[PDB]
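Enquirer: So the sequence lines, in the order shown, correspond to chains A, B, C, D, E, F, G and H.
FYI, this note's numbering numbers position 65 of the first sequence as 65, with every residue one higher than the one before it.
FYI, this note's numbering numbers position 33 of the second sequence as 33, with every residue one higher than the one before it.
FYI, this note's numbering numbers position 61 of the third sequence as 61, with every residue one higher than the one before it.
FYI, this note's numbering numbers position 99 of the fourth sequence as 99, with every residue one higher than the one before it.
FYI, this note's numbering numbers position 63 of the fifth sequence as 63, with every residue one higher than the one before it.
FYI, this note's numbering numbers position 32 of the sixth sequence as 32, with every residue one higher than the one before it.
FYI, this note's numbering numbers position 58 of the seventh sequence as 58, with every residue one higher than the one before it.
FYI, this note's numbering numbers position 58 of the eighth sequence as 58, with every residue one higher than the one before it.
Ideal Cβ positions, reconstructed from N, Cα and C, are used throughout, including at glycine.
Dumping the structure here so I can ask a few things about it.
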Amino acid sequence: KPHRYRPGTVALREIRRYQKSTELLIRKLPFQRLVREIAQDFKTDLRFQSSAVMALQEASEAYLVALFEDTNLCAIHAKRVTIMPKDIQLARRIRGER
Amino acid sequence: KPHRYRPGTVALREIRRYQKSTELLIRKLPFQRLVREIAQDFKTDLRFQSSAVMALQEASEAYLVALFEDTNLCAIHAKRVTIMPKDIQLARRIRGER
Amino acid sequence: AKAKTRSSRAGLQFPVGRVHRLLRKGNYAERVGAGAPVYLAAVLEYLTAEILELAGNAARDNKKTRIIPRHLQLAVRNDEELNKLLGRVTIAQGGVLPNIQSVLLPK
Amino acid sequence: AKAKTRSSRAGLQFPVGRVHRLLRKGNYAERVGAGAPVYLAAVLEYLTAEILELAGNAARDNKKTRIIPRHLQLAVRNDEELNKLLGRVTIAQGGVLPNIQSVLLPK
Amino acid sequence: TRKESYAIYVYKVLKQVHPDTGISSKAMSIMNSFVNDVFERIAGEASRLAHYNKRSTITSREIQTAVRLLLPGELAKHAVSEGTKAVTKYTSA
Amino acid sequence: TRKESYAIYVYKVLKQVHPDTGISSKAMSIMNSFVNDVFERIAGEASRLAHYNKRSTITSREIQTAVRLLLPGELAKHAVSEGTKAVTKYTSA
Amino acid sequence: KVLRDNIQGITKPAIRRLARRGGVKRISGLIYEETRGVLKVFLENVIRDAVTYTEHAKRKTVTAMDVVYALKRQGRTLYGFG
Amino acid sequence: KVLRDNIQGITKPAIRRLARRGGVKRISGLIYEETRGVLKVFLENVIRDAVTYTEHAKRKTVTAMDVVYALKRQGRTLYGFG
DNA sequence: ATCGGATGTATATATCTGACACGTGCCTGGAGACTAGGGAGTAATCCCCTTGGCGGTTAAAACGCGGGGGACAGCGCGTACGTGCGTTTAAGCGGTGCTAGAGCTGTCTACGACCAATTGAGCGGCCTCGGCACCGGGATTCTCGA
């Protein structure tokens, strides 16, 4: 008979190993293309350092995991294990991002 | 027969008039005594400007109503009209105050 | 040789001399550009115009000639970009702009 | 003409002369206190010592001779005082310290 | 003690925008403190960028760039245009 | 083009604390950037204070005061001690 | 003249007044003292830092500009006091 | 070479990977695009400000020190890039 | 509540290496020595804000007091979400090749720096008076029982 772990369990171990790991979790090229797309909005044909864009993606992902973290916390205060967009919105609200 | 307004209603009007009013809502002398008590902890027998302590109390109360405000908001996300200490704690948490 | 203020030649109201004085006394650069105080003072005059105009709007809305800090706080929390500029700033005698939450309403 | 650097005169490592030149070129004050570079560099020496020490603690806690930025993140997140010092600061290749909330565990 | 402020120019530009209006001296002091705040902000940012540019000369280009860094959207745009017009006027003579 | 750093000094203090433990260049430059940031922190703060004192000179008392402003509690205490030590060791020169 | 326990000098009516200003309807008791603590903690910093200024100011009285520069350094700047 | 729609280039698996790193168990769909938006909005500032630096830098390529000073000015400073 | 099986994870091992510790020759910032000014430090003076107390008031706080209102606990269901397995897909290595643009040096020059001579824009100080704050009273409108 096929076995399937209970829900979250696999995701739980994923959480554990991700707090274990430290490297990026975003594919480089898509992020870079997104950055250049954003750039051409303000000015077209602008070049970048690989170090620069690595910094962009690292700092972003840091802000992003922080947002995910405190939104997780808020959802704890929301007594749910599922996340709700309003949690993120109000988190930014408390983060003065509104 | 004696009349009593339904709950909150009087407090609701209080909210309305307080958003209407702008002056302080803390008695001056108690706040000042508290400030001097706090001061003697770091150094005893220190004098103050009335302007200085007025600034202290105004800025405090501002921070305090901001905390009450976003904790109200969080409690909205908590789907309650009653406030809970955990709301304040986690608000400070999002406010980076932990 | 009659001495006219440089702000006159700039056609502005804030004293660019005092500006450049604070600049040199501010320890920002070894030597300040000529038109830099002019430019920044112009920016300052413009933003002051904006804020004072908003304040006058609020005060006249409240049927008030003398403009109290409450009007200014209200205008501050009424301009989104200005608020963004000043949301990190606290305001004496500001109070709170009237904000009512939905679930707060009775039925 | 015997030479002796101010760092040796303080028996420390951080370059008092270099940091003095730096603050001079930093345009903060007209004159300077000659001992202020010594003092500040000593403070830097101290704080750097603590942070690198905690970093090495994590490193050999992980059998790691050469310290990795993850060690740095863990160190700066463990100590309350240093974390408070660098709360809104971010670290390259930092990651997140281990943290699982109570209700996250299944019962 | 000779203390310097700007409330006179506040009254001036007020009449320039609202001639029939009064102010609380409290509010004037608040506005002046705000003036000082924005001034120190822009000055520090300009000095910092010039340091990044290793420049010892803070000029109007620095001014405009730092305002753009600070002010958002149309606020920044209008401010840039105004400073530009004013420096043009001053340079015209 | 000569680019100054403190990798020498950070490695020195590393050995002084951990002769055994190594170091990565990434974390090295991290340390360097960090110390630059905190040095600019203290520099700006002390300059701001002295400007409040309107004192064109920047001395060690300013440094002590401003680091006390900067550091969370006991660190500063510890900190200032060694700092004092330093200047004492340097005043005793 | 050694002071004490002015923290409870903060009246619960005052706290609820501030809350109503913040637009709050229903409140629990557990908040107030908790609130107070925070209050203390909050001011816990500034005064010290303020007198720290006064520390370097070499003066016995404490001024507004102290807390001005504190809130500035605390990123909570205020206007209307020079 | 006009770019577009790389925002959806952010994979939902990537988003949930970041969430798991943040220690999240159950997630809804409505988040991701919302998330993306925020992401955009977030970076919406920095690059501009960054190139603003590059603006004053009078250069065509954009450097790390740009975003360094941005995050600094954005109060989100980062280490390890000079 | 246990045991068995599945699975996922911590370990030892081997070697590869490329960062990395290490050492160089060469450069210039740092040290060393000398001169000036003048910011800073000290002191006597004035002021004058503060800190202290005293008495009367009441609005405000304390406290009590129902009591409806919601916090909360539980309970049904269902839809949305983990999961494991499919599928296909761009991501990454890597290596190539061009140069646009950073990034460096060498001018030369306009440009504040700075000082000196001049002063009127501005600021402390002094009337002054009118929106404004307070008050009392009348009329309006929400609200809670029909």
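1. Does any CB atom of chain C fall closer than 8 Å to the CB of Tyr69 (chain G)?
2. Contact criterion: CB-CB distance below 8 Å. Does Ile38 (chain A) meet it with respect to chain H?
3. Spell out the partners DSSP gives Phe48 (chain B) in its beta bridges.
4. Of all the residues that make up the segment 29-63 of chain D, which are near chain A by a beta-carbon distance shorter than 8 Å?
5. If you measure between the beta carbons of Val62 (chain G) and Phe81 (chain G), is that distance less than 8 Å?
6. Tell me, to the nearest whole angstrom, how far the beta carbon of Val16 (chain D) is from that of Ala10 (chain D); I am working on the premise that it is less than 8 Å.
7. Inspect the beta-carbon positions of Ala78 (chain A) and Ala78 (chain B) and report whether they are closer than 8 Å.
8. Between which two residues does the alpha helix (DSSP H) containing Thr35 (chain H) stretch?
9. Determine, for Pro106 (chain D), whether the minimum Cβ-Cβ distance to residues of chain F falls below 8 Å.
10. Thinking C-alpha only, which one of G:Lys72, G:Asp49, G:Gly22 and G:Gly37 is nearest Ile7 (chain G)?
11. For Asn57 (chain D), report the span of its alpha helix (DSSP H) as first-last.
12. So which of D:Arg6, D:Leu12, D:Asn27 and D:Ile100 has the shortest CA-CA distance to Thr48 (chain D)?
13. Counting Cβ pairs, one atom from each stretch, are 3 or more of them under 8 Å apart for the segment 67-80 of chain C and the segment 41-49 of chain B?
14. Does DSSP classify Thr57 (chain E) as helix, strand or coil?
15. List, in chain order, every chain F residue whose beta-carbon is nearer than 8 Å to that of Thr77 (chain H).
16. Assess, as a yes-or-no matter, whether the segment 57-66 of chain D is touched by the segment 28-42 of chain F under the definition of 3 or more beta carbon pairs within less than 8 Å.
17. Check whether the segment 56-76 of chain F touches the segment 28-46 of chain D, taking contact to mean three or more Cβ pairs, one atom from each stretch, closer than 8 Å.
18. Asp49 (chain G): buried (16+ other C-beta within 10 angstroms of its C-beta) or exposed?
19. Tell me whether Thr90 (chain C) sits in a helix, a strand or coil according to DSSP, three-state version.
20. For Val35 (chain F), name the three-state secondary structure that DSSP assigns.
21. Within the chosen definition, does the segment 23-36 of chain H reach the segment 28-47 of chain E through at least 3 CB pairs nearer than 8 Å?
22. By Cβ distance below 8 Å, which residues in the same chain neighbour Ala76 (chain E) in space, the five residues on each side in sequence not counted?
23. Name, in chain order, the residues that DSSP records as bridge partners for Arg13 (chain A).
24. Using the three-state DSSP reduction, which class does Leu78 (chain H) fall into: helix, strand or coil?
25. Check the DSSP bridge columns for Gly22 (chain E) and list the partner residues they point to.
26. Please report the Cβ distance between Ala92 (chain D) and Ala75 (chain D), rounded to the nearest whole angstrom; I am assuming they are in contact, meaning their Cβ atoms lie under 8 Å.
27. Go ahead and label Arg77 (chain C) buried or exposed: buried means 16 or more other beta carbons lie within 10 angstroms of its beta carbon, across all protein chains shown.
28. Expressed to the nearest angstrom, what Euclidean distance is found between the alpha-carbon atoms of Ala19 (chain G) and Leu97 (chain C)?
29. By DSSP, does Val32 (chain D) sit in helix, in strand, or in coil?
30. Just mark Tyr90 (chain F) as buried or exposed, buried being the case when its beta carbon has 16 or more other beta carbons within 10 Å.
31. Strictly below 9 Å CB to CB, what residues from chain A border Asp45 (chain B)?
32. Hey, is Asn6 (chain G)'s beta-carbon within less than 8 Å of any beta-carbon in chain B?
33. Identify which residue in D:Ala3, D:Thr90 and D:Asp61 has its Cα closest to the Cα of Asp37 (chain F).
34. At which residues does the alpha helix (DSSP H) containing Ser8 (chain C) begin and terminate?
35. So with CB distances below 8 Å, who are the chain G contacts of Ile30 (chain E)?
36. May I ask which residues mark the beginning and end of the alpha helix (DSSP H) holding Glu23 (chain B)?
Expert: On the basis of the data shown:
1. no
2. yes
3. G:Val62
4. none
5. no
6. 7 Å
7. yes
8. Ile31 to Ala57
9. no
10. G:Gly37
11. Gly35 to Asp61
12. D:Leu12
13. no
14. strand
15. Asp37
16. no
17. yes
18. buried
19. strand
20. helix
21. no
22. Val67, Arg68 and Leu70
23. According to DSSP, which records beta bridges pairwise, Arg13 (chain A) is partnered with nothing at all.
24. strand
25. C:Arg66
26. The pair is not a contact, with the Cβ atoms about 15 Å apart (cut-off 8 Å).
27. buried
28. 14 Å
29. strand
30. buried
31. Chain A residues near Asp45 (chain B): none, gap ~39 Å exceeds 9 Å.
32. yes
33. D:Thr90
34. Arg6 to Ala10
35. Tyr79 and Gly80
36. Where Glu23 (chain B) is concerned, there is no enclosing alpha helix (DSSP H), given that its DSSP letter is neither H nor E.
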